[PDB]
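S.K.: When we follow UniProt numbering, the leftmost residue of the sequence shown carries the number 869, and every step to the right adds one.
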Amino acid sequence: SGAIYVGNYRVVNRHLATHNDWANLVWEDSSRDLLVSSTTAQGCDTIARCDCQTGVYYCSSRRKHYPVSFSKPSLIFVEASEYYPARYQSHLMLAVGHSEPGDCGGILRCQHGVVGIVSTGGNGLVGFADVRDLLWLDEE
Ligand SMILES: Cc1cc(C)c(NC(=O)CO)c(C)c1
Ligand SMILES: [Zn+2]
């Protein structure tokens, strides 16, 4: 589980979005596993605006923050899960690291702020949904 809180926006894994998230939906993209809902109060997380390929993510399944290299966001084939059938996930970054279904929502951060959230796993590789192209999160 886990969310980014920037301005009056809340960014979650589409598959872990609540009734209130959908009820207060701003934007979702199933192919990205992303959803943004409107929030009553202001968030404090800074979104990275950068082409960083190194950072630290939180892995709840190890209660540990792992420094990682990660690939640039790309269209990648992701095997079937509880929430999506075997499909091509867009805006996805891969690193070598541990990832279990419940690690979705763990933040990936570089020196600039939040790069994305854990979205995929398996075969000793963690996948993060990029949010750095969503410029509109830094305004209204
Ligand atoms: C955090 C996380 C971990 C794993 C193993 C998976 N599974 C897949 O990659 C697809 O089957 C998903 C969706 C999320
Ligand atoms: Zn950066």
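Yeah, the Cβ is synthetic: ideal placement off N, Cα and C, and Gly gets one too.
Here's a check: name, in chain order, each residue in its chain whose Cβ is nearer than 6 Å to the Cβ of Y877, leaving out the five neighbours to either side.
M.R.: Closer than 6 Å at Cβ, skipping near neighbours: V904 and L1005.
S.K.: Please identify the residue among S958, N991 and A963 whose C-alpha is closest to the C-alpha of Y934.
M.R.: Comparing Cα-Cα distances from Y934 to each of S958, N991 and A963, the minimum goes to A963.
S.K.: Express the C-alpha separation of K940 and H980 in angstroms, rounding to a whole number.
M.R.: Cα-Cα distance, rounded: 16 Å.
S.K.: Buried or exposed for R931, going by 16 or more other Cβ atoms inside 10 Å?
M.R.: That one is exposed.
S.K.: Give me the Cα-Cα distance between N888 and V986, rounded to the nearest whole angstrom.
M.R.: Distance between the alpha carbons of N888 and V986 is about 21 Å.
S.K.: Any idea what DSSP makes of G992, helix, strand or coil?
M.R.: Correct three-state label for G992: coil.
S.K.: Check each residue's C-beta against every heavy atom of ligand 2 and list, in chain order, those closer than 6 Å.
M.R.: Selection output, chain order preserved: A916, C918, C920, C978, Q979 and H980.
S.K.: Could you tell me whether the Cβ atoms of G970 and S869 are closer together than 9 Å?
M.R.: Contact: yes.
S.K.: Closer than 8 Å by C-beta to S967: which residues in its own chain qualify, once you throw out the five before and the five after it? Chain order, please.
M.R.: Answer for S967: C927, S929, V986, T988, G989, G990, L993, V994 and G995, listed in chain order.
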